[PDB]
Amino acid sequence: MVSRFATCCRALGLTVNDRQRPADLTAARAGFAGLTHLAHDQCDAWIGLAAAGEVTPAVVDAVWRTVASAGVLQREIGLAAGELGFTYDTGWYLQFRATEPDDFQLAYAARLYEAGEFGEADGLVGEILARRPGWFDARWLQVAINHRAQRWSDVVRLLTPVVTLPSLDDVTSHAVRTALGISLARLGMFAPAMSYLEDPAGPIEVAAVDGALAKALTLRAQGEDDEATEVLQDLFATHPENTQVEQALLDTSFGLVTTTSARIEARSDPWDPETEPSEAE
C-alpha cells in the first residue's frame, strides 16, 4: 500500500523520497482510483484521486467518510504538509484548495447544499466558524449556502463586514463585490447594487458575466431601458451562447425578481424559497 501510494504521488509531480518526475494526471487518476479499491478506508487515497483532478461528489463524500485517516499515508511517505491537496468548487465564483480536515468539511458542506441538504451544510460551516470565525473560506461557504437558498438578505448581512477587509486579493474582491451587488439588486436595493455593479469587470469570468447581467436588469428596473440593452448587447456579443443573457436581451420586459428581508424571514422553511410569501401574500 505505501509503495503504491508513493508511486501514485510521484505521478502527481510531487517529490517523494528525493525522486521526482513530470506529472501525468491521467495516470495519477487511474492509479489513485485503483488504490481506493485496495485502501477504501484510507483518506489519502481519496485525497490523491481528487488531487489528480477527479473531484466528484463521490470522491468528496469518501474523503469526508474516511477523514480520520487524513495524512496517514502522507506521513508514511514523508510528504510535507500541504503538498497533497485538491481544488473544490464553493458553488459561487470561488474555488478553494483543500489539504486539511476543515477544508474537507467545507468541501463536503458544498456538496451537501448543492444536493439540497442546506441544514446539514449550514451546521458544518457553523461548527467551523465557532472555532475559526475569521477564516474567509468558511465565511464564504456560509454565504454560498445562503445564496443557493436565495437568502439574499443574509448574503448582504454577511458580506457587509467582508467587503471592507484589508488585503483581500483581486479574485476574492471580485467575488465579494459581485455577490453583494447581485444580492442588493435581488432585495430591490438598486442604487446600492449599482455602486458594486457599475463596473462588473474583474478576474473571475463567471462573476463578470453575472455582474453585467445584474447591472443590466438593475438599469431596466430604474427605467434605463436603452442603457440596459447596450449592456446586454455587449455581454451577448462576448458570450453568444449564453441563453440567460439572450433571454434578457430579447425580452425587454424581463426583469429581476426581487424580495425583501421580511419576506425571507417569514418562510416556514428557512431553506426553501417555495415557502417564502410573495409581495401580495
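All residue numbers refer to positions in the sequence shown, first residue = 1.
For the pair 220 to 228 and 58 to 66, the record assigns the higher mean C-alpha temperature factor to 220 to 228. Mean CA B-factor, 208 to 216 versus 243 to 251: the higher value falls on 243 to 251.
Between the residues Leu165, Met189, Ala138, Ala144, the entry's highest C-alpha temperature factor is the one at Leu165. Among the modelled residues of its chain, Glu117 has a C-alpha B-factor that falls in the middle third, as given in the PDB entry. Sorting the modelled residues of the chain by their CA temperature factor places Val171 in the middle third. When all modelled residues of the chain are sorted by CA temperature factor, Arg75 is found within the highest third. Ranked by Cα temperature factor within the chain, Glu100 sits in the middle third according to the deposited record. Ranked by C-alpha B-factor against the other modelled residues of its chain, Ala130 falls in the lowest third.
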